[PDB]
Every structure is written in C-alpha cells, then in structure tokens.
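*Asks:* Here you go, this is target-v2.cif (mmCIF, C-alpha atoms; chains and numbers go by the auth columns).
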```cif
data_model
loop_
_atom_site.group_PDB
_atom_site.id
_atom_site.type_symbol
_atom_site.label_atom_id
_atom_site.label_comp_id
_atom_site.label_asym_id
_atom_site.label_seq_id
_atom_site.Cartn_x
_atom_site.Cartn_y
_atom_site.Cartn_z
_atom_site.B_iso_or_equiv
_atom_site.auth_seq_id
_atom_site.auth_asym_id
ATOM 1 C CA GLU A 1 -1.808 -15.079 12.553 0.00 1 E
ATOM 2 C CA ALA A 2 -2.343 -11.459 11.462 0.00 2 E
ATOM 3 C CA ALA A 3 -5.596 -10.166 10.011 0.00 3 E
ATOM 4 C CA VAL A 4 -3.742 -8.209 7.272 0.00 4 E
ATOM 5 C CA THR A 5 -1.140 -10.001 5.123 0.00 5 E
ATOM 6 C CA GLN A 6 1.120 -7.696 3.132 0.00 6 E
ATOM 7 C CA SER A 7 3.431 -9.083 0.417 0.00 7 E
ATOM 8 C CA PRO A 8 6.237 -9.142 -0.466 0.00 8 E
ATOM 9 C CA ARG A 9 8.004 -8.057 2.741 0.00 9 E
ATOM 10 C CA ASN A 10 11.015 -6.857 0.670 0.00 10 E
ATOM 11 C CA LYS A 11 11.443 -5.673 -2.919 0.00 11 E
ATOM 12 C CA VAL A 12 14.498 -4.605 -4.914 0.00 12 E
ATOM 13 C CA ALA A 13 13.779 -2.887 -8.220 0.00 13 E
ATOM 14 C CA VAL A 14 15.843 -1.236 -10.954 0.00 14 E
ATOM 15 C CA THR A 15 14.882 2.250 -12.259 0.00 15 E
ATOM 16 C CA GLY A 16 12.161 1.759 -14.908 0.00 16 E
ATOM 17 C CA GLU A 17 10.864 -1.554 -13.511 0.00 17 E
ATOM 18 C CA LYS A 18 7.138 -2.239 -12.694 0.00 18 E
ATOM 19 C CA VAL A 19 6.445 -3.127 -9.057 0.00 19 E
ATOM 20 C CA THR A 20 3.195 -4.466 -7.476 0.00 20 E
ATOM 21 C CA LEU A 21 2.651 -4.652 -3.688 0.00 21 E
ATOM 22 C CA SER A 22 -0.214 -6.861 -2.317 0.00 22 E
ATOM 23 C CA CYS A 23 -2.435 -6.326 0.738 0.00 23 E
ATOM 24 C CA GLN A 24 -4.811 -9.213 1.705 0.00 24 E
ATOM 25 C CA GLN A 25 -7.292 -9.366 4.632 0.00 25 E
ATOM 26 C CA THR A 26 -10.012 -11.953 5.296 0.00 26 E
ATOM 27 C CA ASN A 27 -11.847 -10.036 8.052 0.00 27 E
ATOM 28 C CA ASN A 28 -14.363 -8.691 5.524 0.00 28 E
ATOM 29 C CA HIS A 29 -13.142 -5.084 6.145 0.00 29 E
ATOM 30 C CA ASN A 30 -14.728 -2.505 3.843 0.00 30 E
ATOM 31 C CA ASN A 31 -11.854 0.075 3.938 0.00 31 E
ATOM 32 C CA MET A 32 -8.251 -0.420 2.817 0.00 32 E
ATOM 33 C CA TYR A 33 -5.224 1.976 2.688 0.00 33 E
ATOM 34 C CA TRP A 34 -1.634 2.391 1.338 0.00 34 E
ATOM 35 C CA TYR A 35 0.879 4.638 3.153 0.00 35 E
ATOM 36 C CA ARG A 36 4.572 5.522 2.539 0.00 36 E
ATOM 37 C CA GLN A 37 6.766 5.959 5.595 0.00 37 E
ATOM 38 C CA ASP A 38 8.825 9.223 5.690 0.00 38 E
ATOM 39 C CA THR A 39 12.294 9.834 7.263 0.00 39 E
ATOM 40 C CA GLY A 40 10.616 11.140 10.423 0.00 40 E
ATOM 41 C CA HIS A 41 8.562 7.861 10.494 0.00 41 E
ATOM 42 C CA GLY A 42 5.358 9.694 9.552 0.00 42 E
ATOM 43 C CA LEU A 43 2.975 7.639 7.369 0.00 43 E
ATOM 44 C CA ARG A 44 1.903 9.599 4.299 0.00 44 E
ATOM 45 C CA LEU A 45 -1.321 8.491 2.565 0.00 45 E
ATOM 46 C CA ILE A 46 -0.910 7.422 -1.067 0.00 46 E
ATOM 47 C CA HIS A 47 -4.255 5.805 -2.013 0.00 47 E
ATOM 48 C CA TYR A 48 -7.284 4.256 -0.220 0.00 48 E
ATOM 49 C CA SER A 49 -10.549 2.300 -0.829 0.00 49 E
ATOM 50 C CA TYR A 50 -14.122 2.197 0.573 0.00 50 E
ATOM 51 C CA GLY A 51 -14.832 -1.310 -0.826 0.00 51 E
ATOM 52 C CA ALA A 52 -14.467 -3.789 -3.712 0.00 52 E
ATOM 53 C CA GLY A 53 -14.014 -1.895 -6.990 0.00 53 E
ATOM 54 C CA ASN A 54 -13.307 1.565 -5.437 0.00 54 E
ATOM 55 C CA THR A 55 -9.992 3.513 -5.265 0.00 55 E
ATOM 56 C CA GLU A 56 -9.360 7.095 -3.951 0.00 56 E
ATOM 57 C CA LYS A 57 -6.299 9.428 -4.163 0.00 57 E
ATOM 58 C CA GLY A 58 -4.449 10.346 -0.937 0.00 58 E
ATOM 59 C CA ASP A 59 -1.984 13.218 -0.287 0.00 59 E
ATOM 60 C CA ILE A 60 0.991 11.847 -2.284 0.00 60 E
ATOM 61 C CA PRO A 61 -0.567 9.886 -5.199 0.00 61 E
ATOM 62 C CA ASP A 62 1.970 10.894 -7.943 0.00 62 E
ATOM 63 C CA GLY A 63 4.083 8.025 -9.375 0.00 63 E
ATOM 64 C CA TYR A 64 1.488 5.173 -7.869 0.00 64 E
ATOM 65 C CA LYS A 65 -1.741 3.513 -8.935 0.00 65 E
ATOM 66 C CA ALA A 66 -4.097 1.489 -6.679 0.00 66 E
ATOM 67 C CA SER A 67 -6.439 -1.458 -7.436 0.00 67 E
ATOM 68 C CA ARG A 68 -9.267 -3.051 -5.338 0.00 68 E
ATOM 69 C CA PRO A 69 -10.271 -6.221 -7.334 0.00 69 E
ATOM 70 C CA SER A 70 -12.188 -7.895 -4.457 0.00 70 E
ATOM 71 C CA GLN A 71 -13.226 -7.337 -0.851 0.00 71 E
ATOM 72 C CA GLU A 72 -10.089 -9.090 0.366 0.00 72 E
ATOM 73 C CA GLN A 73 -7.355 -7.506 -1.867 0.00 73 E
ATOM 74 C CA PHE A 74 -5.934 -3.915 -2.304 0.00 74 E
ATOM 75 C CA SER A 75 -2.837 -3.646 -4.570 0.00 75 E
ATOM 76 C CA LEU A 76 -0.327 -0.775 -5.031 0.00 76 E
ATOM 77 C CA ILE A 77 1.300 -0.441 -8.465 0.00 77 E
ATOM 78 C CA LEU A 78 4.467 1.480 -9.467 0.00 78 E
ATOM 79 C CA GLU A 79 4.365 1.470 -13.268 0.00 79 E
ATOM 80 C CA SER A 80 8.003 2.692 -13.658 0.00 80 E
ATOM 81 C CA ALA A 81 9.993 2.786 -10.376 0.00 81 E
ATOM 82 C CA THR A 82 12.276 5.793 -9.626 0.00 82 E
ATOM 83 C CA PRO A 83 15.007 6.190 -6.930 0.00 83 E
ATOM 84 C CA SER A 84 12.718 8.696 -5.176 0.00 84 E
ATOM 85 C CA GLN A 85 10.282 5.795 -4.455 0.00 85 E
ATOM 86 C CA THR A 86 12.861 4.068 -2.239 0.00 86 E
ATOM 87 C CA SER A 87 10.968 3.785 1.074 0.00 87 E
ATOM 88 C CA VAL A 88 9.084 1.576 3.507 0.00 88 E
ATOM 89 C CA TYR A 89 5.374 1.085 2.674 0.00 89 E
ATOM 90 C CA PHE A 90 2.459 0.027 4.959 0.00 90 E
ATOM 91 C CA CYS A 91 -1.059 -1.127 4.130 0.00 91 E
ATOM 92 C CA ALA A 92 -4.065 -1.121 6.532 0.00 92 E
ATOM 93 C CA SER A 93 -7.714 -2.226 6.643 0.00 93 E
ATOM 94 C CA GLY A 94 -10.768 -1.710 8.852 0.00 94 E
ATOM 95 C CA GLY A 95 -14.387 -0.671 9.149 0.00 95 E
ATOM 96 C CA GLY A 96 -15.102 2.856 10.381 0.00 96 E
ATOM 97 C CA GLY A 97 -12.022 4.474 11.982 0.00 97 E
ATOM 98 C CA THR A 98 -10.387 1.112 12.768 0.00 98 E
ATOM 99 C CA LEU A 99 -6.861 0.478 11.412 0.00 99 E
ATOM 100 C CA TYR A 100 -5.473 -3.050 11.217 0.00 100 E
ATOM 101 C CA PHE A 101 -1.845 -2.559 9.717 0.00 101 E
ATOM 102 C CA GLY A 102 0.177 -4.951 7.603 0.00 102 E
ATOM 103 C CA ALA A 103 3.767 -5.716 8.606 0.00 103 E
ATOM 104 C CA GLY A 104 5.327 -3.414 5.964 0.00 104 E
ATOM 105 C CA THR A 105 7.281 -3.654 2.704 0.00 105 E
ATOM 106 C CA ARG A 106 10.849 -2.385 2.317 0.00 106 E
ATOM 107 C CA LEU A 107 11.372 -1.092 -1.264 0.00 107 E
ATOM 108 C CA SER A 108 14.792 -0.147 -2.746 0.00 108 E
ATOM 109 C CA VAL A 109 15.021 1.334 -6.250 0.00 109 E
ATOM 110 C CA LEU A 110 18.511 1.222 -7.799 0.00 110 E
#
```
What is this file in structure tokens?

*Replies:*
Amino acid sequence: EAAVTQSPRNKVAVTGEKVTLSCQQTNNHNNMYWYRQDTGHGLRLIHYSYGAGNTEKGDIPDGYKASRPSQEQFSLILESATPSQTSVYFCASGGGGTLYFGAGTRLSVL
C-alpha cells in the first residue's frame, strides 16, 4: 500500500559481513535518500540521489556506499559491517522537497 518499499525490515550481520539494504518506489520520484537514526531519534543523512545513475555523499558517509541503478531503486551497501553500524535505517523518495519515507530497517551487527 505504501509508495516506498524498503527491504529487508530486519537484518542481523556478523562483523566483517557485507550487507545490502533496498529502497523501491514506483511513483517515478526523481530524488531518493538514506538516513541512519541516532539515539535521540534524529535522522542523519548518509547518501542521496537526484535520479537514475546519480549518488551523492551526506553528512555521515564513512563505512557506506550507495547505488541508484534505475529510477525505481536506491540501494545502501555496507561492504564490511562493524558493531558501530548497529542502528535503525530509513530511506525516502520524492520530487522537490517532498519526503515519502520507507518503513525502516533494524540492523544489528554482532
């Protein structure tokens, strides 16, 4: 029912493991975003995208890569997970200043 489908909803990883989080929207939104949720529930910007093929660094990019292979998909990649990446993550999409959020991903790194 939601315009932005984020997957998986949960992920358990061991230190050193590669993790990919998916964000899919079929509203034809040009912009997409990946945020990490802090202990005060602030959303800190990791990476974003202005359209298919484009990725841009946010405020906390270190330790993550982003990929925009099509209009509909924006992926977040942790090449080698660390305990410090234990967090909740949220993706978003929209045109202009509009933010349509995904439902979130809970990540635990052991």

*Asks:* So, with only C-alpha atoms as the atoms that count, which of E:8, E:96, E:69, E:84 lies closest to residue 29 of chain E?

*Replies:* E:96

*Asks:* Report, in Å with one decimal, the straight-line distance from atom CA of residue 74 of chain E to atom CA of residue 14 of chain E.

*Replies:* 23.6 Å

*Asks:* Quick one: of E:25, E:85, E:49, E:39, who's nearest to residue 66 of chain E, counting all atoms listed in the file?

*Replies:*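 Looking only at the distances to residue 66 of chain E, the closest residue turns out to be E:49.
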
*Asks:* Please evaluate the PyMOL selection byres ((chain E and resi 16) around 8) against the displayed coordinates and give the resulting residues as a PyMOL selection string.

*Replies:* chain E and resi 14-15+17-18+79-82

*Asks:* So which one's closest to residue 64 of chain E, E:95, E:88, E:20, E:83? Using all atoms listed in the file, please.

*Replies:*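 Distance minimum relative to residue 64 of chain E lands on E:20.
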
*Asks:* For residue 50 of chain E, which residue among E:93, E:10, E:87, E:27 is the nearest when counting all atoms listed in the file?

*Replies:*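 So, comparing all the options, the nearest one is E:93.
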
*Asks:* Rank nothing, just name the residue among E:61, E:110, E:13, E:100 nearest to residue 26 of chain E, using only C-alpha atoms.

*Replies:* E:100

*Asks:* Segment 88-101 of chain E, all listed atoms, 3 Å padding on each side: what axis-aligned box centre and edge lengths in Å to one decimal come out, as JSON?

*Replies:*
```
{"center_x": -3.0, "center_y": 0.7, "center_z": 7.7, "size_x": 30.2, "size_y": 13.5, "size_z": 16.1}
```

*Asks:* To one decimal in Å, tell me the separation between atom CA of residue 23 of chain E and atom CA of residue 92 of chain E.

*Replies:*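 Going from atom CA of residue 23 of chain E over to atom CA of residue 92 of chain E covers 8.0 Å.
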